[PDB]
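Numbering (the deposited numbering), first residue to last: 1 to 41.
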Amino acid sequence: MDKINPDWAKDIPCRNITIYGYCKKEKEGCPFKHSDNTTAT
Ligand SMILES: [Zn+2]
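Rendered as structure tokens:
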């Protein structure tokens, strides 16, 4: 599996958001949907 559609990263929370509650590297090529604006369940 070499092709990865954004739908994959957007379905997997980054350890940053999960552990640090923030992904300062989000601005970088860090994979996953790091959404820290729309706080939802
Ligand atoms: Zn990240």
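The beta-carbon is built from N, C-alpha and C at its ideal position, and this holds for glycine as well.
Distances between the C-beta of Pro6 and the heavy atoms of ligand 1 are all 8 Å or more. Between the alpha carbons of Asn16 and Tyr22 lies a distance of about 5 Å. In this structure, the C-beta of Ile17 approaches ligand 1 to less than 8 Å from one of its heavy atoms. One Cα belongs to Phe32, the other to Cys14, and the distance between them is close to 6 Å. If you compare the alpha carbons of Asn5, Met1, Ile4 and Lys10 with that of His34, the shortest gap goes to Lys10.
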